[PDB]
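*Asks:* model this:
(chains A, B, C, D and E, ligands or ions: 5)
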Amino acid sequence: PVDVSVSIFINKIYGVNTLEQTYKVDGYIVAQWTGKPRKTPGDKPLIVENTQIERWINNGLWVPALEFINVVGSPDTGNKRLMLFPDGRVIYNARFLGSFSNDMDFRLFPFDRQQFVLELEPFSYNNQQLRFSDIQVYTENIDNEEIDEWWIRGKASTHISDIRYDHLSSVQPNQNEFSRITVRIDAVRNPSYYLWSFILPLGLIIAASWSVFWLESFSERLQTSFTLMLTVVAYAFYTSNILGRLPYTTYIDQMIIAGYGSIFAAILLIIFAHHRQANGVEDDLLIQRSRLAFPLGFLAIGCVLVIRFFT
Amino acid sequence: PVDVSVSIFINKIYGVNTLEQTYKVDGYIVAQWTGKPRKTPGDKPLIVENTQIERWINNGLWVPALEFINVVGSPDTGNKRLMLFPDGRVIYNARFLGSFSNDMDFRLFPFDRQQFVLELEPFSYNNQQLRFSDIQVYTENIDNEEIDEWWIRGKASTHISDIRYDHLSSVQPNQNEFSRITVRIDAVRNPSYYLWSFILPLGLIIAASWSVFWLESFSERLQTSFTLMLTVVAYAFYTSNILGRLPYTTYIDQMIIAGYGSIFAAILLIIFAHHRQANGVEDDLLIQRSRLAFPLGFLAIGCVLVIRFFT
Amino acid sequence: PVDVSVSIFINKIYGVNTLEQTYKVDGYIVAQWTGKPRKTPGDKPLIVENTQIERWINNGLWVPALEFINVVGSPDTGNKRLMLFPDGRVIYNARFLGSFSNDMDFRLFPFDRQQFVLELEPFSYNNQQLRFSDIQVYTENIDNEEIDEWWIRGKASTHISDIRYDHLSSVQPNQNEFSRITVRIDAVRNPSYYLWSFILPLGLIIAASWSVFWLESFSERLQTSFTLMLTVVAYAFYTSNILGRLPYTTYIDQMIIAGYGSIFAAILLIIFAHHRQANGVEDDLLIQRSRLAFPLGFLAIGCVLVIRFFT
Amino acid sequence: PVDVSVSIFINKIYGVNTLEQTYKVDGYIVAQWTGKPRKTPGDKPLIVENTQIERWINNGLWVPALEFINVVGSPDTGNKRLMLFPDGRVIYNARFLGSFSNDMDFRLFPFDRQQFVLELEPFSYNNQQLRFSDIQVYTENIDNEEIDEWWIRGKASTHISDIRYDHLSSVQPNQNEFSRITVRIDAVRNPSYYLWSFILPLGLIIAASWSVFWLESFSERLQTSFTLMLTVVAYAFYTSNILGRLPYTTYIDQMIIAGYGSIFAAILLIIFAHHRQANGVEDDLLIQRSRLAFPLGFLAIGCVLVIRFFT
Amino acid sequence: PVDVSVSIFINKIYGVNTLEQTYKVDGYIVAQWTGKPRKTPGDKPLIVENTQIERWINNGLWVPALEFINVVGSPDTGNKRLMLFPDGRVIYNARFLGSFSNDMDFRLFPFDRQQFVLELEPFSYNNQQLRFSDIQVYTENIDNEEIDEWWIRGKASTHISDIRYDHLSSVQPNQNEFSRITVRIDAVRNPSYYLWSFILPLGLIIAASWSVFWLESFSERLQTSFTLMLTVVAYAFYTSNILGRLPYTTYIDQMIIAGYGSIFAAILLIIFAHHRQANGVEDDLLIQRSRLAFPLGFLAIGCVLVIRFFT
Ligand SMILES: CCCCCCCC/C=C/CCCCCCCC(=O)O[C@H](COC(=O)CCCCCCCCCCCCCCC)COP(=O)(O)OC[C@@H](O)CO
Ligand SMILES: CCCCCCCC/C=C/CCCCCCCC(=O)O[C@H](COC(=O)CCCCCCCCCCCCCCC)COP(=O)(O)OC[C@@H](O)CO
Ligand SMILES: CCCCCCCC/C=C/CCCCCCCC(=O)O[C@H](COC(=O)CCCCCCCCCCCCCCC)COP(=O)(O)OC[C@@H](O)CO
Ligand SMILES: CCCCCCCC/C=C/CCCCCCCC(=O)O[C@H](COC(=O)CCCCCCCCCCCCCCC)COP(=O)(O)OC[C@@H](O)CO
Ligand SMILES: CCCCCCCC/C=C/CCCCCCCC(=O)O[C@H](COC(=O)CCCCCCCCCCCCCCC)COP(=O)(O)OC[C@@H](O)CO
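*Replies:* Numbering: from 1, shown residues only, chains lettered A, B, ... in the order given. Ligands and ions are numbered 1, 2, ... in the order given. For reference, the structure is listed below:
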């Protein structure tokens, strides 16, 4: 095979769409291999711009078609240069811009760790004809940087693996294993916006529904409760606008469901108290003092939900 | 005719849009046929990358144009390679990315079974000039995998049929029947998100409107009812944001309409009771005990709606 | 001129967008004419695929550029084949995919009849140089089929007309009249979704506001009314999300305005009754019995609004 | 220079987007000039379709690149024909489809006059090398026609001006002035949809808040007021969905702000009356009769807001 | 190296999207350098239009590929001309249309200063082979002009820097430093729309919740408060529709959170007063006079929030 050394420079990561779990990566790819020696005007390396690589390929020069595996749509290719050397080494540099997809797990939604994956692979040549010798990813432009709500933590881990393709087994009998480069850039979500923007109003709503226990009249303890209940219920599709329609519950929507149960338990408790308060004064010392025992219960539920993340 | 053996490798299925009933399928297609023997540099199969297939077709090599029938828009074609053999067999491999449409039935919306269909057909040649000998679809990448809310269950059933085209009957008198490959991938919807996200809040709303019967004062039994009624009524267009504007009712919207009827029957019953309660105490033993008979009625209605699916 | 016989096969009609009154039509177009006799390899008709029609046109073969007049954007052209005969007849088949616009009238919105129009015309040649001899549209794939909410009723009426172009009068002095093919496919909207999804909740709301007359206390007859009034008022922009911002009123929004007037007349009537009820018991036998005369008035208004459609 | 006579046929104007103040114009452009005489097959004018104009330009024929100045994105060019004459005149006809931008003023939003502007200019040649002799715009297809909510009033005024470009002053020392054609099509907005859809519900809301003065109990005069106030306040972003986030106030949003002030003044007046009604019956003859003086004040405010438009 | 003198004419800046912090810039770029002298027809500079620059590059003419660094997507290139001189200077003019991204800081959202940045750089040649001699940006078309809500203040500051690329260090050992042009156009946001559209309704809401202290009955002082609280709480995602999901708080959302705290403190204060008002008249002179001390507290909080911007 031929040894192709790749350098991926990530200019920027933007447009991290969690609805379809895609992220737009812009950058440059530099694939360098060695071939037969050639003659150039002078002895400098010859630069062939875009549109002219086709003329050199029609002349007979071997240029591999490296593709992105985890891309959504076709990648936008900007300029591409082909830099040839007198000693015989060929360099193919190209600006890629692609919507790449990765399987993202949102079970811890505000406090979230994901990774952006770039999968690069020869389209035609298996590792018996093209082997990726090494890759260094030069992600210094976004190495420690918040893009929209994602901090980029750590370095980009680079792996070179080999993927067996069963669909090419009939057309290539015993050589269908393709060299592949995987670039992982770990990202940690910034939970600050959800903290001041959704956790805080829902916290004031839940605290206000704690406060409706401290009232004396039944005309205000049930109507308010119902207004606060339906206000929490209206927040059901908050994460489905940010994330997809996920089968699991995040932390935000579990807090919303805890709000459902809290206001519903409050409503049922107060309705039961007024129903047993029919045939007289009918006042017990326990229910009137349950105004302070209910926020403690919600705090215990919140703590036992956090403690799973804490361990 | 010539025997074209197809292999479709499905890399991923994503973007399953139920608004227009489309789904984006990315993959590779490998069509293999045999022609006259040819000479190549050495005796290895010769790989012709993209942009160079046109030169070989202008030279005179026969490459069929296989198209996708059920596609929305034009399919994005990534790289395409053409691998020629000394013994004469030609292989056309191409990365397709297409928005494909299938007729989807959403009469059982959360608990839903659909299928993703790929229809592949020669654009020009009928089965007297090009016959699909066989197809194997290598869908191992998504064989048992949840993509967004769809589990992929079972294998991809592959069929080769022949479609008669009446519009080509005048231009091709007695040979207008085209070979076609249909690939069906069955998918089952994950109902979990609708269970914790819409079934649960609507269940608490309906249970709270059961609970308003247990009140004593008329100032709270009608106002609450109306707030809960309009809260359920505001959920009318929930499925039309997920599905289209379907002429039939799903299970979610039938539950919403059952909510309409339940709160409306509650409101009418309580209004009638207070209207017949004009000229005295006017209390009957039946209406005051109908607080427990109404959730049983709603549970019976829910059970008889489920039992149609159960059989 | 030359006689060009067209066959339009409509594969599917999808994406019927009533916001900008466009609809996406996918299909095949087969234009057949006769020229000078030619020689082909063997005596079979020669099939020239895409990309190779340009070589034959550069050789000197006459291929007209047929365009779509009522298209939005540029039409997506898939594969195109050019099938030449030894006896001299030329066939140009091409897969078109276009967003076509038609002037749609939504004055009867749920109960709506529209038509999808395909306008096809030579771009360069007037009817002195290219005449459309006949067209048959093979719309058997969608002949009796509901696509999203449109039933396709009847056959596709095909017309061949001639359009005079005044802008080409200076460059072509007395021959600027172009042959044109118009294909009309009549469609009838399915009103079922609006019936169970918007007509039903608004009907229960209007019936509940009929029911608030049956109350006795003023604290409930005005507040409820106002809640139901603002609930109906919030439905003003329901059709503007489905249709455009139309200058006329449909049936849905006239029902919404009838709701406005009904709840407002109820509110004004009850406020006037309580204002004249100041200086005593002040009870008249007419207003207390107007609880049953108001739904009859709304039913009469609905009937006289329907009877215009009935005639 | 050479005299280029332009004819712009506007097929349709559609997609008038007031969010970014763009409008999609579809049409044909016919630019006619005269060159050296040439020989054609026979003596008829020779029609060169798309794809073949490039061959004639490579042969050496002068075809100018006319561009659109006020376009958003790149214009979609459909077919283009090049019609050459034996006497030497060259005609370039091309179907353009472009999103064009014009500076739109929405200070009178429902009752609005705008104009759609097409700016056409040679890309390379200044007026010393290419002068636009005349233009006639053949806008008979939309001459008196409502497209979405815009009536096209009057004819399309056509102007030929000359624009000096300072950026080309260094590369072209004393000849950087380019001929330009501006086509203005005046349009008047249809206010009907806003009249029956937003003016009417807001009018009933404001009239209902006039009607809450006629009540006797304080428990209904403040709560209702607040519900109607927040209903009007929820309509703040109505125009920002139709127009942009404009720095000025239209007529709709000034009516909304007048609603704000009216309900707020009502709320403050009633709260002040009940606060001064503390130490007794405390009833004055003026405030109880201000129920009729407040709608007169709002009508005077509306009239003095209209009278600026009236003059 | 060769000295390339650039002139960027900004036709318009439009589509300033603050969700992904991009802005669409349309304009012309004129890059002028000097090469070997050449012969042209006559002695005028020869203009080579689009499509023909490729023929001259294949002939052997050196045309650099200048790219935009901060672009989102691939830039739309309209017409491009190549104007050659007999004395040897080459001019490449091209209409660019690009979505450019800049890091925007929205910590002062209505009262906001940003800058639109155009970064231009040779794709292939480092500053040892191509140096940008100077740039003048001719932004007279938008020099003092409001586009959507941005005033363009000042001139466009132009800088020529040199960027070292580590990813090109292996392929170019000691010459990987590329010349770059950065064009900054400062823009100041127009806060007027947020002033009359969001600041004003929220101000009336906060003033109305000041006014609910002036009431006497507890049935109106808590329910109203809760309605106004939830009305303010519903405005949490106002800026996330305009800006992104920013980790920091702007001025609008800090005003919203101040609204949260104000209504919540009002609700808690009134609930505490009624809870301590259990065992008698229980009236203190301080709480009843706190109706006027609470808006002063909110004004002090607003002033101390403004005074950070004031310094
Ligand atoms: C003791 C101290 C005071 C406490 C009193 C108030 C407390 C009331 C608690 C409410 C629930 C608390 C749990 C909060 C978080 C719950 C959120 C949660 O865990 O998930 C949902 C559970 O379903 C649920 O909750 C459903 C549970 C019902 C929620 C409504 C509760 C109201 C109960 C009526 C009141 C009782 C009256 C007493 C009657 C005697 C469903 O996720 P899902 O399916 O995707 O799983 C699959 C996925 O996890 C992996 O694929
Ligand atoms: C007995 C125990 C207690 C029960 C008391 C409360 C129970 C009240 C029941 C309400 C309805 C229950 C059904 C729930 C599911 C109903 C949903 C449903 O089946 O579909 C809709 C039916 O229309 C409908 O419902 C319309 C039915 C009306 C809904 C409102 C009901 C309020 C009735 C006023 C109160 C009565 C007062 C008593 C007066 C004497 C329309 O689908 P569509 O057209 O697409 O078909 C075509 C498609 O199926 C195939 O193409
Ligand atoms: C008698 C039995 C009981 C009845 C009592 C309740 C009944 C109250 C009726 C309300 C209106 C009924 C009509 C319903 C349908 C009305 C809908 C309608 O026809 O259209 C709108 C009419 O404007 C309108 O309605 C505006 C009419 C006003 C609507 C509000 C009515 C409340 C009246 C205050 C209460 C009266 C108190 C009595 C005071 C003495 C405007 O379309 P537009 O411009 O595009 O035309 C152009 C286009 O048609 C062709 O280009
Ligand atoms: C006398 C008869 C009865 C009347 C009693 C009720 C009447 C109450 C009137 C309310 C306002 C009426 C004006 C209605 C239209 C106002 C709309 C308007 O003119 O624009 C806004 C004005 O700001 C405004 O209004 C702000 C004004 C405040 C609005 C709220 C008013 C409530 C006042 C509290 C009650 C008073 C209690 C009495 C206390 C002693 C801001 O546009 P903007 O910046 O883009 O300009 C730049 C742009 O114009 C050019 O670039
Ligand atoms: C004295 C005169 C009368 C006053 C009485 C009423 C006044 C009540 C004040 C409310 C808060 C006032 C602050 C208003 C602006 C606050 C907005 C703000 O500063 O930001 C948020 C602060 O969190 C917050 O506020 C959270 C604070 C809580 C908000 C709710 C307050 C209700 C308190 C319950 C009532 C007390 C009862 C008394 C009990 C004894 C979070 O930004 P974030 O994270 O992105 O930072 C990172 C970023 O800044 C840089 O990356």
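*Asks:* do stretch A:101-109 and ligand 1 meet?
*Replies:* No - judged by CB under 6 Å from any ligand atom, stretch A:101-109 stays clear of ligand 1, getting no closer than 7.7 Å. In short, each C-beta sits where N, CA and C put it, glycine included.
*Asks:* What are the contacting residues of that stretch?
*Replies:* A:18, A:20-23, A:70-72, A:112, A:114-117, A:189, A:194, A:239, A:242-243, A:246, A:248, A:250-253, A:309, B:12, B:14 (CB atoms under 8 Å, 6 or more residues apart in numbering or on different chains).
*Asks:* Swap in 6 Å and give it another go.
*Replies:* Stretch A:101-109 has contacts (CB atoms under 6 Å, 6 or more residues apart in numbering or on different chains) with A:21, A:22, A:70, A:72, A:114, A:117, A:243, A:246, A:248, A:250, A:251, A:252.
*Asks:* Show the buried residues in those.
*Replies:* For these, a burial check counting by 16 or more other CB atoms under 10 Å in any protein chain shown picks out A:21, A:22, A:70, A:72, A:114, A:117, A:243, A:246, A:250, A:251, A:252.
*Asks:* name the element the nearest residue to the third one once chain neighbours are set aside belongs to?
*Replies:* In space, and not counting its chain neighbours, residue A:70 is closest to residue A:119: 4.5 Å by CB to CB, 6 or more residues apart in numbering or on different chains. Using DSSP states H and E, residue A:119 sits in strand A:113-122.
*Asks:* how about that strand: buried residues?
*Replies:* A:114, A:115, A:116, A:117, A:118, A:119, A:120, A:121, A:122.
*Asks:* My read is that the third one contacts residue A:185, right?
*Replies:* Going back to what we said before, that points to residue A:116. Yes - here residue A:116 lies in contact with residue A:185, judged by CB atoms under 6 Å, at a distance of 4.5 Å.
*Asks:* any idea which element the closest residue to chain C within chain A lies in?
*Replies:* Nearest to chain C in chain A, going by CB to the nearest CB, is residue A:219, at a distance of 11.0 Å. Per DSSP H and E, residue A:219 falls inside helix A:218-221.
*Asks:* pull the CA atoms of the helix or strand following that helix into PDB?
*Replies:* For helix A:218-221, the following helix or strand on the C-terminal side (DSSP H and E) is helix A:223-233. What follows is helix A:223-233, C-alpha atoms only, in PDB (Å, rounded to 0.1, in the frame of the first residue of the first chain):
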ATOM      1  CA  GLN A 223     -57.100  27.900  42.200                       C
ATOM      2  CA  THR A 224     -53.500  29.000  42.700                       C
ATOM      3  CA  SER A 225     -52.400  25.400  42.800                       C
ATOM      4  CA  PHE A 226     -54.100  24.700  39.600                       C
ATOM      5  CA  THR A 227     -52.600  27.800  37.900                       C
ATOM      6  CA  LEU A 228     -49.100  26.700  39.000                       C
ATOM      7  CA  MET A 229     -49.800  23.100  38.000                       C
ATOM      8  CA  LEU A 230     -50.800  24.100  34.500                       C
ATOM      9  CA  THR A 231     -47.900  26.500  34.300                       C
ATOM     10  CA  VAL A 232     -45.500  23.600  35.000                       C
ATOM     11  CA  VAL A 233     -47.500  21.300  32.600                       C
END
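*Asks:* hmm, who's touching the helix or strand just after helix A:223-233?
*Replies:* Counting by DSSP H and E, the next helix or strand C-terminal to helix A:223-233 is helix A:238-242. Contacts made with helix A:238-242 from outside it, assessed by CB under 6 Å, 6+ apart, are listed as A:250, A:252, A:253.
*Asks:* Now residue A:276: closest residue in space, sequence neighbours ignored.
*Replies:* Residue A:276 sits nearest to residue A:282 (CB to CB, 6+ apart), 6.1 Å away.
*Asks:* Likewise for residue A:140?
*Replies:* Nearest one to residue A:140, counting by CB to CB, 6+ apart, is residue E:166 at 6.5 Å.
*Asks:* pretty sure the one you found contacts residue A:136?
*Replies:* No - using CB under 6 Å, residue E:166 is not in contact with residue A:136; the gap is 9.0 Å.
*Asks:* out of those two, which sits in the more crowded spot?
*Replies:* A direct count of neighbours by other CB atoms under 10 Å in any protein chain shown for residue E:166 and residue A:136 places residue A:136 higher, at 17 against 13.
*Asks:* what about that one, distance to residue D:249?
*Replies:* 57 Å (CB to CB, to the nearest Å).
*Asks:* roughly how far apart are residue A:281 and residue A:39?
*Replies:* Counting by CB to CB - residue A:281 and residue A:39 are separated by 108 Å.
*Asks:* Same check on residue A:244?
*Replies:* 56 Å.
*Asks:* Check residue A:207 too.
*Replies:* Distance of residue A:207 to residue A:39, given as CB to CB: 80 Å.
*Asks:* Same drill for those two, tell me which one is more crowded.
*Replies:* A side-by-side neighbour count of residue A:207 and residue A:39, using other CB under 10 Å, places residue A:207 first with 14 against 9.
*Asks:* longest strand anywhere in chain A?
*Replies:* Ranked by number of residues, the top strand in chain A under DSSP state E is strand A:2-17.
*Asks:* could you point out which element follows that one?
*Replies:* strand A:22-34.
*Asks:* which other residues reach that following strand?
*Replies:* For strand A:22-34, contacts defined as CB under 6 Å, 6+ apart pick out A:2, A:4-16, A:72, A:88-101, A:116, E:167, E:171.
*Asks:* Please save the CA atoms from it in CSV.
*Replies:* Provided in CSV are the C-alpha atoms of strand A:22-34 (Å, rounded to 0.1, in the frame of the first residue of the first chain):
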residue,chain,number,x,y,z
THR,A,22,-25.3,17.2,14.0
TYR,A,23,-22.6,19.8,14.2
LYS,A,24,-20.9,21.8,11.4
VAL,A,25,-17.1,21.5,11.2
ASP,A,26,-15.0,23.7,9.0
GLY,A,27,-11.3,23.0,8.5
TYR,A,28,-8.5,22.0,6.2
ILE,A,29,-7.3,18.5,5.4
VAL,A,30,-3.7,17.8,4.3
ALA,A,31,-3.0,14.3,3.0
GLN,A,32,0.6,13.6,2.1
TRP,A,33,2.0,10.6,0.4
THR,A,34,5.0,9.7,-1.7
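*Asks:* Quick check, the residue in the stretch 201-311 of chain A closest to chain E?
*Replies:* Closest point on the stretch 201-311 of chain A to chain E, by CB to the nearest CB, is residue A:201, at 4.6 Å.
*Asks:* Ligand 3 next: which of the contacts of strand A:22-34 are close?
*Replies:* Restricting the contacts of strand A:22-34 to those touching ligand 3 (CB under 6 Å from any ligand atom) yields no residues.
*Asks:* Quick one: the strands in chain A, in order.
*Replies:* Under DSSP E, chain A gives strands at A:2-17, A:22-34, A:46-48, A:66-68, A:71-84, A:89-101, A:113-122, A:130-138, A:150-152, A:157-164, A:177-189.
*Asks:* picking up where we left off before, could you double-check that the residue nearest to residue A:70 sits in contact with residue A:66?
*Replies:* No - using CB under 6 Å, residue A:119 is not in contact with residue A:66; the gap is 10.9 Å.
*Asks:* Dig out what residue A:177 forms beta bridges with.
*Replies:* residue A:164 (DSSP bridges).
*Asks:* From residue E:236, how far off is residue A:157?
*Replies:* 38 Å.
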